[PDB]
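Below: entry.pdb (PDB, C-alpha atoms and all ligand atoms)
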ATOM      1  CA  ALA A 173     130.504  99.899 128.772  1.00  0.00           C
ATOM      2  CA  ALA A 174     126.782 100.437 128.805  1.00  0.00           C
ATOM      3  CA  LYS A 175     124.606 102.679 126.692  1.00  0.00           C
ATOM      4  CA  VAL A 176     121.016 103.800 127.020  1.00  0.00           C
ATOM      5  CA  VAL A 177     118.930 103.551 123.871  1.00  0.00           C
ATOM      6  CA  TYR A 178     115.379 104.720 123.398  1.00  0.00           C
ATOM      7  CA  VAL A 179     112.860 102.265 121.979  1.00  0.00           C
ATOM      8  CA  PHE A 180     110.158 103.676 119.717  1.00  0.00           C
ATOM      9  CA  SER A 181     106.893 102.019 118.777  1.00  0.00           C
ATOM     10  CA  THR A 182     105.598 102.826 115.290  1.00  0.00           C
ATOM     11  CA  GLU A 183     103.099 105.270 116.875  1.00  0.00           C
ATOM     12  CA  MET A 184     105.869 106.994 118.796  1.00  0.00           C
ATOM     13  CA  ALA A 185     108.208 107.135 115.786  1.00  0.00           C
ATOM     14  CA  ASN A 186     105.485 108.759 113.699  1.00  0.00           C
ATOM     15  CA  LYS A 187     104.558 111.225 116.492  1.00  0.00           C
ATOM     16  CA  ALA A 188     108.215 112.144 117.002  1.00  0.00           C
ATOM     17  CA  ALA A 189     108.664 112.833 113.281  1.00  0.00           C
ATOM     18  CA  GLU A 190     105.565 115.095 113.384  1.00  0.00           C
ATOM     19  CA  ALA A 191     107.074 116.962 116.337  1.00  0.00           C
ATOM     20  CA  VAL A 192     110.294 117.588 114.344  1.00  0.00           C
ATOM     21  CA  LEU A 193     108.289 118.657 111.266  1.00  0.00           C
ATOM     22  CA  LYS A 194     106.227 121.085 113.369  1.00  0.00           C
ATOM     23  CA  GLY A 195     109.486 122.538 114.744  1.00  0.00           C
ATOM     24  CA  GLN A 196     108.458 121.584 118.287  1.00  0.00           C
ATOM     25  CA  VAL A 197     111.714 119.666 118.857  1.00  0.00           C
ATOM     26  CA  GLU A 198     115.175 119.496 117.255  1.00  0.00           C
ATOM     27  CA  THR A 199     115.433 115.696 116.922  1.00  0.00           C
ATOM     28  CA  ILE A 200     113.300 112.645 117.536  1.00  0.00           C
ATOM     29  CA  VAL A 201     115.240 111.927 120.781  1.00  0.00           C
ATOM     30  CA  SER A 202     114.959 115.505 122.076  1.00  0.00           C
ATOM     31  CA  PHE A 203     112.812 114.305 124.997  1.00  0.00           C
ATOM     32  CA  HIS A 204     111.419 116.866 127.368  1.00  0.00           C
ATOM     33  CA  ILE A 205     108.823 117.562 130.004  1.00  0.00           C
TER
ATOM     34  CA  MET B 332     121.689  91.484 112.590  1.00  0.00           C
ATOM     35  CA  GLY B 333     121.294  90.853 108.833  1.00  0.00           C
ATOM     36  CA  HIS B 334     124.842  91.869 107.785  1.00  0.00           C
ATOM     37  CA  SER B 335     126.641  88.483 107.685  1.00  0.00           C
ATOM     38  CA  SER B 336     128.150  86.674 104.693  1.00  0.00           C
ATOM     39  CA  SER B 337     125.420  84.025 105.078  1.00  0.00           C
ATOM     40  CA  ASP B 338     122.111  85.717 106.029  1.00  0.00           C
ATOM     41  CA  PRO B 339     118.916  84.280 104.589  1.00  0.00           C
ATOM     42  CA  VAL B 340     116.507  86.661 102.902  1.00  0.00           C
ATOM     43  CA  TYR B 341     114.257  87.494 105.810  1.00  0.00           C
ATOM     44  CA  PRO B 342     110.478  87.285 105.908  1.00  0.00           C
ATOM     45  CA  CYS B 343     108.402  90.199 107.179  1.00  0.00           C
ATOM     46  CA  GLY B 344     106.955  89.639 110.665  1.00  0.00           C
ATOM     47  CA  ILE B 345     103.578  90.956 109.459  1.00  0.00           C
ATOM     48  CA  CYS B 346     102.917  89.811 105.865  1.00  0.00           C
ATOM     49  CA  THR B 347     105.373  86.822 105.709  1.00  0.00           C
ATOM     50  CA  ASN B 348     106.741  88.016 102.324  1.00  0.00           C
ATOM     51  CA  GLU B 349     110.469  88.465 101.830  1.00  0.00           C
ATOM     52  CA  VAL B 350     111.933  91.852 102.750  1.00  0.00           C
ATOM     53  CA  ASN B 351     113.939  92.450  99.582  1.00  0.00           C
ATOM     54  CA  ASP B 352     117.050  94.596  99.023  1.00  0.00           C
ATOM     55  CA  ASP B 353     115.064  97.337  97.278  1.00  0.00           C
ATOM     56  CA  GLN B 354     112.499  97.698 100.098  1.00  0.00           C
ATOM     57  CA  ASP B 355     112.752  99.654 103.323  1.00  0.00           C
ATOM     58  CA  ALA B 356     113.240  97.199 106.202  1.00  0.00           C
ATOM     59  CA  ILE B 357     112.947  97.844 109.916  1.00  0.00           C
ATOM     60  CA  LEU B 358     114.506  95.530 112.524  1.00  0.00           C
ATOM     61  CA  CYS B 359     112.856  95.033 115.875  1.00  0.00           C
ATOM     62  CA  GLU B 360     115.680  95.809 118.298  1.00  0.00           C
ATOM     63  CA  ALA B 361     113.447  95.651 121.378  1.00  0.00           C
ATOM     64  CA  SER B 362     113.992  91.909 121.656  1.00  0.00           C
ATOM     65  CA  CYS B 363     112.678  89.701 118.822  1.00  0.00           C
ATOM     66  CA  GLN B 364     115.101  90.808 116.073  1.00  0.00           C
ATOM     67  CA  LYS B 365     112.404  90.152 113.425  1.00  0.00           C
ATOM     68  CA  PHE B 366     112.504  92.191 110.196  1.00  0.00           C
ATOM     69  CA  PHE B 367     109.502  93.972 108.748  1.00  0.00           C
ATOM     70  CA  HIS B 368     108.654  96.001 105.673  1.00  0.00           C
ATOM     71  CA  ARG B 369     108.418  99.657 106.699  1.00  0.00           C
ATOM     72  CA  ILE B 370     105.162  99.736 104.719  1.00  0.00           C
ATOM     73  CA  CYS B 371     103.655  96.914 106.766  1.00  0.00           C
ATOM     74  CA  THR B 372     104.366  98.629 110.118  1.00  0.00           C
ATOM     75  CA  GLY B 373     102.617 101.886 109.229  1.00  0.00           C
ATOM     76  CA  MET B 374     105.764 103.944 109.847  1.00  0.00           C
ATOM     77  CA  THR B 375     106.026 106.947 107.504  1.00  0.00           C
ATOM     78  CA  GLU B 376     109.034 107.272 105.191  1.00  0.00           C
ATOM     79  CA  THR B 377     110.036 110.464 107.023  1.00  0.00           C
ATOM     80  CA  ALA B 378     109.814 108.818 110.446  1.00  0.00           C
ATOM     81  CA  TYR B 379     111.889 105.857 109.122  1.00  0.00           C
ATOM     82  CA  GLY B 380     114.507 108.238 107.769  1.00  0.00           C
ATOM     83  CA  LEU B 381     114.816 110.047 111.071  1.00  0.00           C
ATOM     84  CA  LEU B 382     114.821 106.919 113.240  1.00  0.00           C
ATOM     85  CA  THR B 383     117.385 105.075 111.116  1.00  0.00           C
ATOM     86  CA  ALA B 384     119.692 108.151 111.323  1.00  0.00           C
ATOM     87  CA  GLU B 385     119.678 108.340 115.141  1.00  0.00           C
ATOM     88  CA  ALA B 386     122.212 106.114 116.914  1.00  0.00           C
ATOM     89  CA  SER B 387     120.429 106.275 120.288  1.00  0.00           C
ATOM     90  CA  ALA B 388     117.028 105.306 118.861  1.00  0.00           C
ATOM     91  CA  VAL B 389     115.716 101.887 117.940  1.00  0.00           C
ATOM     92  CA  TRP B 390     112.366 100.499 116.932  1.00  0.00           C
ATOM     93  CA  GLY B 391     110.165  97.956 118.697  1.00  0.00           C
ATOM     94  CA  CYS B 392     107.438  95.716 117.209  1.00  0.00           C
ATOM     95  CA  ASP B 393     103.809  96.210 118.424  1.00  0.00           C
ATOM     96  CA  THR B 394     104.013  92.734 119.990  1.00  0.00           C
ATOM     97  CA  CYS B 395     107.278  93.399 121.858  1.00  0.00           C
ATOM     98  CA  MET B 396     106.043  96.803 123.046  1.00  0.00           C
ATOM     99  CA  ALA B 397     102.965  95.193 124.671  1.00  0.00           C
TER
HETATM  100 ZN    ZN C   1     105.502  92.972 105.093  1.00  0.00          ZN
HETATM  101 ZN    ZN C   2     109.898  92.532 118.222  1.00  0.00          ZN
END

What is this file in structure tokens?
Amino acid sequence: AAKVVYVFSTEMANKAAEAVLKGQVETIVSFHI
Amino acid sequence: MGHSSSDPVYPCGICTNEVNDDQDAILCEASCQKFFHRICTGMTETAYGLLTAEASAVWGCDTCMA
């Protein structure tokens, strides 16, 4: 049983929150290209 | 980490001061398993709220990330 988790630096956590607040993504793990 | 019957009060990996029960704490889950005051890391309250809510997300210290 193995699981992938995504590791966020402080910079990346803050950036991801901004992306959610700007309605650019649904959640902070909504990775895309 | 930090949920046992016999955990010490943990010092912040940045300021060395205790991370108390009425303070936001963030655990480095990259490797070190050090605790830190949210404030000391520079993470916003909103970012902390979102990251702590997401099961597939963890945080990594600036040391561990380099
Ligand atoms: Zn601190
Ligand atoms: Zn660490």

Considering all atoms listed in the file, give me a table of residues in chain B that are at most 8 Å from ligand ZN 1 (chain C), with the closest atom pair and distance in Å for each, as JSON lines.
{"residue": "B:342", "atom": "CA", "partner": "C:ZN1", "partner_atom": "ZN", "distance": 7.6}
{"residue": "B:343", "atom": "CA", "partner": "C:ZN1", "partner_atom": "ZN", "distance": 4.5}
{"residue": "B:344", "atom": "CA", "partner": "C:ZN1", "partner_atom": "ZN", "distance": 6.7}
{"residue": "B:345", "atom": "CA", "partner": "C:ZN1", "partner_atom": "ZN", "distance": 5.2}
{"residue": "B:346", "atom": "CA", "partner": "C:ZN1", "partner_atom": "ZN", "distance": 4.2}
{"residue": "B:347", "atom": "CA", "partner": "C:ZN1", "partner_atom": "ZN", "distance": 6.2}
{"residue": "B:348", "atom": "CA", "partner": "C:ZN1", "partner_atom": "ZN", "distance": 5.8}
{"residue": "B:349", "atom": "CA", "partner": "C:ZN1", "partner_atom": "ZN", "distance": 7.5}
{"residue": "B:350", "atom": "CA", "partner": "C:ZN1", "partner_atom": "ZN", "distance": 6.9}
{"residue": "B:367", "atom": "CA", "partner": "C:ZN1", "partner_atom": "ZN", "distance": 5.5}
{"residue": "B:368", "atom": "CA", "partner": "C:ZN1", "partner_atom": "ZN", "distance": 4.4}
{"residue": "B:369", "atom": "CA", "partner": "C:ZN1", "partner_atom": "ZN", "distance": 7.5}
{"residue": "B:370", "atom": "CA", "partner": "C:ZN1", "partner_atom": "ZN", "distance": 6.8}
{"residue": "B:371", "atom": "CA", "partner": "C:ZN1", "partner_atom": "ZN", "distance": 4.7}
{"residue": "B:372", "atom": "CA", "partner": "C:ZN1", "partner_atom": "ZN", "distance": 7.7}

Output file for the selection above: C-alpha atoms, as a compact mmCIF listing (two decimals), keeping the file's coordinate frame:
# COMPACT_ATOMS: atom_id res chain seq x y z
CA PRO B 342 110.48 87.28 105.91
CA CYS B 343 108.40 90.20 107.18
CA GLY B 344 106.96 89.64 110.66
CA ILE B 345 103.58 90.96 109.46
CA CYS B 346 102.92 89.81 105.86
CA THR B 347 105.37 86.82 105.71
CA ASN B 348 106.74 88.02 102.32
CA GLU B 349 110.47 88.46 101.83
CA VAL B 350 111.93 91.85 102.75
CA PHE B 367 109.50 93.97 108.75
CA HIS B 368 108.65 96.00 105.67
CA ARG B 369 108.42 99.66 106.70
CA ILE B 370 105.16 99.74 104.72
CA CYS B 371 103.66 96.91 106.77
CA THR B 372 104.37 98.63 110.12

Within 8 Å of ligand ZN 2 (chain C) (all atoms listed in the file), residues as a VMD selection string = chain B and resid 358 to 365 391 to 396

Give as a PyMOL selection string every residue of chain B that touches chain A within 6 Å, counting all atoms listed in the file.
-> chain B and resi 374+378+387-391

What separates atom CA of residue B:380 and atom CA of residue B:334 is a distance of 19.4 Å

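The coordinates place atom CA of residue A:174 at 23.5 Å from atom CA of residue B:381.
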
Extending 6 Å beyond the listed atoms of stretch 173-182 of chain A on each side, what axis-aligned box results? I want centre and edge lengths in Å to one decimal, as JSON.
{"center_x": 118.1, "center_y": 102.3, "center_z": 122.0, "size_x": 36.9, "size_y": 16.8, "size_z": 25.5}

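One distance worth recording is that between atom CA of residue B:382 and atom CA of residue B:332, which is 16.9 Å.
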